[PDB]
Amino acid sequence: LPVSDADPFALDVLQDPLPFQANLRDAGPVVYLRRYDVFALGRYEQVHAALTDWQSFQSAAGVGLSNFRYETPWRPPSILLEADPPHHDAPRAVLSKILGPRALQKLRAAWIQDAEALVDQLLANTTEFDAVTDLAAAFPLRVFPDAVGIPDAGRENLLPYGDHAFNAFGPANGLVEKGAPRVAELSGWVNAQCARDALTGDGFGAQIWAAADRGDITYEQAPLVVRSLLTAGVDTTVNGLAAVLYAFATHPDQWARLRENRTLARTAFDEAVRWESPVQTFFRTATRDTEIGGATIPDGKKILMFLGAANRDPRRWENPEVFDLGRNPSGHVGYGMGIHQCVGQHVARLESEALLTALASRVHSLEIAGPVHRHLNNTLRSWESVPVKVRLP
Ligand code: HEM
Ligand SMILES: COc1ccc(C(=O)O)cc1
């Protein structure tokens with residue numbers, strides 16, 4: 001069995017994980033990380049197998065490093081992300097209906113419009129700006145908390161709350177331990193936005209509580225289902241949006257292709273999600289001795305699935321390092337796969353469709369205007385700054 005002292009949460013790897021990914025894939029289907037006592041998977045075949053096989057690889061012992069068999073969770077674990085069937089089934093089906101295609105139809109014209117207002121206002125002021133702060137961060141914060149229906153107070157908690165959650169899936173290293181004094185306040189705030197009386201009458205929050213009225217979920221589940229939205233719903237889309245913007249800023253032919261066919265927006269965003277893989281890793285825990293990639297994972301031990309690695313595995317993807325909207329990215333594991341696969345993907349895509357359409361409407365060409373800067377995180381590939389210069393027609 002290949003065994004390694006590689007630390008996937010070291011600051012150098014988080015800054016640039018592409019060499020670790022390629023070594024993981026090259027070493028074997030399964031690599032034992034001695035540092036953490038887990039089994040790493042980097043190739044698509046095994047990452048796909050592990051994601052779908054919920055019977056062998058459970059989530060309820062936690063999908064971070066931390067094993068809830070023994071360790072105290074930093075918060076009450078997610079009743080979606082960290083629940084197996086049957087407990088998973090009810091809250092899943094509620095979000096699945098609420099965030100599904102049909103349901104989102106009603107928000108499309110609003111979100112297109114908000115995107116056009118954000119872009120018009122930005123462009124009236126500057127032709128050069130940061131795509132992170134001015135676009136990728138700014139647009140989800142305009143539309144998404146409003147669609148959930150939380151109030152305006154404490155909205156500055158959304159990004160740190162998400163950040164901390166994604167960090168907290170990794171080891172108790174400095175990125176988690178620096179977050180840990182501010183947890184109580186961060187948690188205090190989020191719980192407070194999940195109550196029925198904190199939410200507007202019509203948003204996703206409202207609809208979650210309406211599902212509880214019908215007995216789809218309990219009144220005890222209702223706030224934690226809202227909480228999933230406020231953990232997973234913001235940071236991921238910001239980083240997905242910074243990735244596709246960075247890609248278009250770096251790929252003038254691909255930008256022209258979008259401008260020729262605006263219906264390419266959905267597939268543009270999915271290709272960014274494959275190529276960037278905003279969520280890089282998750283854990284599962286083996287329920288039995290299970291054989292994957294030629295290796296036996298003992299009952300009770302954790303696997304580490306490298307989504308980013310699988311999404312650039314050349315066994316599944318031709319020339320994987322390339323961002324190409326010509327590629328069919330369908331089958332990427334950037335949203336996961338099987339019963340836990342991202343229930344917010346219709347939201348992500350509509351966001352990208354709105355923003356991309358607004359941008360392409362006004363912007364002849366786009367380039368990188370300055371150094372790019374990452375924001376380090378144990379689990380989430382985060383962008384801090386993407387300076388861009390746009391040329392108006
Ligand atoms: C680009 C954006 C996004 C990425 C890259 C992403 C990624 C993921 C991945 C990889 C999973 C699978 C978890 C696992 O298998 O253990 C997932 C699940 C989930 N995502 Fe997303 N996500 C994104 C956007 C969103 C949005 C906008 C929401 C808001 C609705 C959301 C809510 C969730 C929830 C609740 C789950 C857990 C579902 C379950 O366990 O059944 N995500 N996401
Ligand atoms: C993909 O990341 C997440 C993170 C948190 C949750 C949750 O809190 O429900 C779901 C998905």
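One-based numbering, in listed order, for ligands and for the atoms of each. All residue numbers refer to positions in the sequence shown, counting from 1. These values consider heavy atoms only, across backbone and side chains, with no hydrogens, waters or symmetry-generated copies.
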Legend entry - Passing candidate, side-chain contact (heavy atoms from CB on, under 4.5 Å) with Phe204, options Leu199, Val148, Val226: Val148
Legend entry - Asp5/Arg35 ion pair, N-O < 4.0 Å: no
Legend entry - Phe169 ring center within less than 6.0 Å of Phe283 ring center: no
Legend entry - Contacts of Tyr246 that satisfy side-chain hydrogen bond (donor to acceptor under 3.5 Å, both in side chains) - sequence neighbours left out: none
Inset, instruction - Establish, yes or no, whether a centroid distance under 6.0 Å links the rings of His164 and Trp74. - result: yes
Inset, instruction - May I ask you to say whether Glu276 pairs ionically with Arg374, meaning some side-chain N is under 4.0 Å from a carboxylate O? - result: yes
Inset, instruction - Answer yes or no: is there a side-chain heavy-atom contact under 4.5 Å between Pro278 and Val273? - result: yes
Taking a 3.5 Å cut-off between nitrogen or oxygen atoms, can you list every pair linking ligand 1 to the protein, with distances?
unit_1: ligand 1; atom_1: 15 (O); unit_2: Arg284; atom_2: NH2; d: 2.8
unit_1: ligand 1; atom_1: 16 (O); unit_2: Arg284; atom_2: NH1; d: 2.6
unit_1: ligand 1; atom_1: 16 (O); unit_2: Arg284; atom_2: NH2; d: 3.2
unit_1: ligand 1; atom_1: 40 (O); unit_2: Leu80; atom_2: O; d: 3.3
unit_1: ligand 1; atom_1: 40 (O); unit_2: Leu81; atom_2: N; d: 3.4
unit_1: ligand 1; atom_1: 40 (O); unit_2: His340; atom_2: ND1; d: 2.7
unit_1: ligand 1; atom_1: 41 (O); unit_2: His88; atom_2: NE2; d: 2.7
unit_1: ligand 1; atom_1: 41 (O); unit_2: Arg92; atom_2: NH1; d: 2.9

One pair per line, please: each N/O atom of ligand 2 matched with every protein N/O atom under 3.5 Å away, atom names first, then the distance to 0.1 Å.
unit_1: ligand 2; atom_1: 8 (O); unit_2: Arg75; atom_2: NH2; d: 2.9
unit_1: ligand 2; atom_1: 9 (O); unit_2: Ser78; atom_2: OG; d: 2.7
unit_1: ligand 2; atom_1: 9 (O); unit_2: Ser228; atom_2: OG; d: 2.5

Show me, pair by pair, the donor-acceptor contacts under 3.5 angstrom made by side chains of residues 133-147, not counting sequence neighbours?
unit_1: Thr133; atom_1: OG1; unit_2: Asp130; atom_2: OD2; d: 3.3
unit_1: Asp134; atom_1: OD2; unit_2: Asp130; atom_2: N; d: 3.3
unit_1: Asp146; atom_1: OD1; unit_2: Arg155; atom_2: NH1; d: 3.0
unit_1: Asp146; atom_1: OD1; unit_2: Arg155; atom_2: NH2; d: 2.9

Legend entry - Salt bridge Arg284-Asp84, side-chain N to carboxylate O under 4.0 Å: no
